[PDB]
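*Asks:* My questions all concern the structure below.
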Amino acid sequence: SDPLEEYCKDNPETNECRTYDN
């Protein structure tokens, strides 16, 4: 998918995007 998916995977702040809000 777009860099958006890989981000939430690689985002220590937004990879937590699923748990925390950013």
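FYI, nothing fancy with the structure tokens labels: chains A, B, ... in order, residues from 1 per chain, ligands from 1 as they appear.
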Skip range 2-4 of chain A itself and residues of its chain fewer than 6 positions away, then list as an MDAnalysis selection string all residues within 12 Å of it, counting only C-alpha atoms.
*Replies:* chainID A and resid 10:11 14:15 17
*Asks:* Could you pull out the helix (DSSP H, G or I) residues of chain A, going by DSSP on the backbone, and write them as a PyMOL selection string?
*Replies:* chain A and resi 3-10
